[PDB]
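Form deposited in one PDB entry, single chain, as structure tokens, below.
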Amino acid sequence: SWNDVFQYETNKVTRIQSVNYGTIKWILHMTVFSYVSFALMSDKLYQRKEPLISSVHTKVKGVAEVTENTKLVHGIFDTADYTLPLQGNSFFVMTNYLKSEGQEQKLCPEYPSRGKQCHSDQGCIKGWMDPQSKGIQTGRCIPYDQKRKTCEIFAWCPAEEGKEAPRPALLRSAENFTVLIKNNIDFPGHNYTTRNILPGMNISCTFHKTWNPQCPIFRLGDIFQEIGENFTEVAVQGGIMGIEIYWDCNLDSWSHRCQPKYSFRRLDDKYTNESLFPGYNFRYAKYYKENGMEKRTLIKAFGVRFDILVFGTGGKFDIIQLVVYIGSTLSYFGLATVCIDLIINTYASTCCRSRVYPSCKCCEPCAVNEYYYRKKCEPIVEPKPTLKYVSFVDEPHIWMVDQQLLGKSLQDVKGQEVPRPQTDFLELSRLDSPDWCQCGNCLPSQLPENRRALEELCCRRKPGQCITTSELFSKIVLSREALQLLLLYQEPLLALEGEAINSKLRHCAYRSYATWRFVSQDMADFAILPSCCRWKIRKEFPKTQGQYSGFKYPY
């Protein structure tokens, strides 16, 4: 059993000294290797990739001046006037505003927005919580002004919801504002961390696509016009702008490159439906107390919400990933073998010689694939009990009968023809008749009727001379000296006496005839002797007082 452990199985191979096959094999191997390497390096499949974790710190610089109205009001807007305390992944810059000062919780006519005019008390319902007007209707219709009327609502009054944003936008100068974005990114699995601002960067820089791609100071107007967006128009109703920071980071020492790439993308739909809150704005309430009453100043602030979208992956060499990829791609190196073996398989077919080659003379010298096929493959059939082989001296090939003999004589069964092997020339270089019979020497079988059809076989398919009449038949089969020599070869001390040697000689004669007429031991083992030859052999070496068993399934 240890010897069994100590075994190695190696495949038998046929080395072909073919220029075309070698060329094809090497070309296919080179192609597979080149593609595998290109995929490995282009996609960095040898690298474990980890998503980043990002922190964003934004600082907006800029000052705006507004002059509006009934008295003229001159206002200055600094960061605390147009920015919220948040300075993370999103920062808001106010670009326009509607101000409703001195609101009190009381009854008032709703602002006439979106054709909300009232003509009669039936145009509104009492106690209806209108989120559009942002009040609760009292059910009555009251005059908003001299010309139009609007229902009364309990809300923050004077109610002005629905009024249009100023145009032009009051804080247009925000296009000239700048934002400094500090982005700290980390790959914890790879234990790496960097930031978008490194020592040596000039502080007077402003971002540009080509001149200053790494400058993290962005002018808002430049952001808008880089992607063909009009800051002046968006400033009226507001919008959402995304600043994308892509980190395609290679953390390998020999190829270390972890630098941010900045892009811009409008995130709010320019063509948003009017009822779906187009643009970007929010209502902020400044609460105070005046005249012993709780009052509220409502600022509808329109502006651009800048969303900093930080994304990317960090790739670092990982042996497991490379091993997995190489293992996945290893099977592709069998492409050359598959292709060349398929070529040999298909071109060895006889169909190519009869039809393709005469039509196409260029594909003619590819007939060598038959020699390759025969030096590569050994066909064998299942040695089933019904397997029989018959050879007729008239015919030049052997016939296989794999079907059950249902009474019909073996002579009448057609079967499938198979080629006759070439008896090694090297070894051969040395010095009333039954109705089915056609030679006149066959005799009825002595077997039981149920299996008598097996022995109902003649040496030929058409009438003619019996094969037994040939002197070579006597030399190979009936020659007692030759059979005795063969027996001695196998059994040097065999006793050439007794009824036993005669049975041994009979079996040796059967084997000799089968090998001579079938060549291969595969066919000879399942060959069926003709009745004439079988009975002549038995006459030469008969059985004293027994009945012949006949062919035996060797399996």
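Numbers for residues come from their place in the sequence shown, where the first is 1. The term rigid core refers to the most C-alpha atoms you can superpose between the two forms while keeping them within 1.5 Å.
Asker: Is residue 70 one of the residues left unmodelled in a third or more of the other entries compared?
Answerer: Yes.
Asker: Hey, how big is the hole between residue 431 and residue 432 in terms of deposited residues without coordinates: none, 1 to 3, 4 to 9, or 10 or more?
Answerer: The entry has 10 or more unmodelled residues between residue 431 and residue 432.
There is another form of the same protein, the form deposited in another entry; it is not shown, and what comes next is about it.
Asker: Select from 387, 157, 174, 466 the only position whose Cα moves 2 Å or more between the shown form and the other one when the core is aligned.
Answerer: Correct option: 157.
Asker: Quick one: once the rigid core is lined up, does residue 128 have its C-alpha move by 2 Å or more between the shown form and the other one?
Answerer: Yes, the C-alpha moves 2 Å or more.
Asker: After fitting the rigid core, is the C-alpha of residue 140 off by 2 Å or more between the shown form and the other one?
Answerer: Comparing forms between the shown form and the other one, the residue 140 CA shifts at least 2 Å.
Asker: Superposing on the rigid core, do we see a C-alpha displacement of 2 Å or more at residue 238 between the shown form and the other one?
Answerer: Comparing the forms between the shown form and the other one, which are aligned on their rigid core, residue 238 does not shift its C-alpha by 2 Å or more.
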